[PDB]
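All of the numbers you see were taken from the coordinates with simple rules; none came from a lab. Every residue, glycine as well, gets a Cβ built from its backbone with ideal geometry; the counts of neighbours run over all protein chains shown.
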Amino acid sequence: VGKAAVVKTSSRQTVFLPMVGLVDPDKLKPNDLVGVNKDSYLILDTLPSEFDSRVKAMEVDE
Amino acid sequence: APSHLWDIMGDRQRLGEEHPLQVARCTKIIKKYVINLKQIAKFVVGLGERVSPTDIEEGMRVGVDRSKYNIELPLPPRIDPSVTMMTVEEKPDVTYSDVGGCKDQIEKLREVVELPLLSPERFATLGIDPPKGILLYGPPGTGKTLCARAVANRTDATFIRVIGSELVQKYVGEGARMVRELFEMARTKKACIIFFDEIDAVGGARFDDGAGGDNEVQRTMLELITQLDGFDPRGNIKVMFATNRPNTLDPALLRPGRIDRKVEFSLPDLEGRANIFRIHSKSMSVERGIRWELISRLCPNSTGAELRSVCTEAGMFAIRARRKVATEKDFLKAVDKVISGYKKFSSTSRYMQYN
């Protein structure tokens, strides 16, 4: 089987990539937004501690 | 002629690539900027050469280059709505002196609106809070919309006229966005005036068990009340609610805390209706030696809409009745014509006060 990771771009394009040393299988998880390369389509960045986003609005007042 | 001068500087602004920027709204700020395009595409970028780190804010449209994405120039947010651009008028024709009468429907409005704008330091000594909202309903036909335009002339600032049917759109939920479109310009443009017209088609609870399609309109006020007084008391300018049916409104909308000054128009008396013909006496043609106090006395209590009809129709008798100017005889004929002749049916005045 081996170690592999399948991702899908926000443009609806499914690209297969081999396991990258910058990421670990413990940190990886399906249905996750991570940075990928435009040319080689390799993940160079992990999840920046936020699931998706605040979408429409959010209250930042302290 | 102007095209020749612009072609000289058009070498650097056309051949080179600067303007072809892709505008999109920024989401996350890491101090890496996550920005979602209009095509639903997420990416990461950073500041530019002349870009300041304090200019980029959360939820703001930021143009970036299409080839290599980078922040170039910031743009004001909320670029989608095109509707509120036409809602702002300029220089209304009705002046402040066009409103007739010495009664209390004038002085009460200028103290809660024009006074804090012209002299904000007057009430600062006592340390009080000027009324945020006002209340003007009155009977139909008193020219209430004319009083709203008289305030915009003395203010010399941005005026916003909102129709009650404009808040309701052709989609469910779009009316909620229409509310924030009005309050977004309050923080962007300070010291402006917003005016709502015919709020009866919007307000009211109307509950549930009715026809069932009524739940879309009741959410407009709940969005309007939240944007007016929410969890965070965000407000600057004055808010004006106006309609012809105060009884059909929301009983919560009829209670203070969103509104302080409440003024209801009334029918002018013999002394009040006299000034209605005096402001019109400077216009048209008035015969020397005619007393207008006897004309307003023969006329019963009626709204200002039918009061101005006396002076307008009086000029019509100069043709068929064989008269040069408007005389006292033509004024008596207007009593049985402008008033007694036009009563019949479909005459409002005080007829409909409720529903």
Specify whether the C-alpha gyration tensor of the protein assembly as shown places it in the rounded, prolate or oblate class, a ≥ b ≥ c being the square roots of the eigenvalues: rounded for a/c under 1.5, otherwise prolate if a/b is larger than b/c and oblate if not.
-> prolate
List the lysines whose Cα lies under 16 Å from the Cα of B:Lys103, skipping any in the same chain that are fewer than 8 positions away.
-> B:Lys144, B:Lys262
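Could you sort the peptides B:66-78, B:295-307, B:119-131, B:323-335 by per-residue average Cβ neighbour count (10 Å cutoff), highest mean leading?
Working: B:66-78: 14.5, B:295-307: 18.4, B:119-131: 10.4, B:323-335: 16.1.
Sorting B:66-78, B:295-307, B:119-131, B:323-335 by mean packing, highest first, produces B:295-307, B:323-335, B:66-78, B:119-131.
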The alpha-carbon center of the stretch B:224-298 and that of the stretch B:1-28 are separated, in whole Å, by 51
From phi via Karplus (6.51, -1.76, 1.60), per-residue ³J(HN,Hα) for the stretch B:216-223 in Hz, x at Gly/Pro = 7, 7, 5, 7, 5, 5, 4, 6
Shielding of A:30-37 by other chains, given as the mean Cβ count within 10 Å, works out to 1
Where a ≥ b ≥ c are root eigenvalues of the Cα gyration tensor, a/c under 1.5 meaning rounded, otherwise prolate if a/b exceeds b/c and oblate otherwise, the stretch B:128-277 counts as oblate
Estimated vicinal HN-Hα couplings, Hz - the stretch B:33-50 in sequence order (Karplus 6.51, -1.76, 1.60; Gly, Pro = x) = 10, 7, 10, 9, 7, 6, 8, 6, 9, 9, 8, 10, 9, x, 6, x, 6, 8
Proximal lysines to B:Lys28, defined as alpha-carbon separation beneath 18 angstrom and excluding residues fewer than eight positions away on the same chain | A:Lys56, B:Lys38, B:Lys42
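Could you order the peptides A:47-60, B:337-350 from most to least packed, using the average number of other C-beta atoms within 10 Å per residue? Could you put the intermediate results ahead of the total?
Numbers: A:47-60: 9.7, B:337-350: 13.3.
The peptides rank, most packed first, as B:337-350, A:47-60.
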Shielding by partners for B:100-110, please: the mean number of other protein chain Cβ atoms within 10 Å of each residue's Cβ.
-> 0
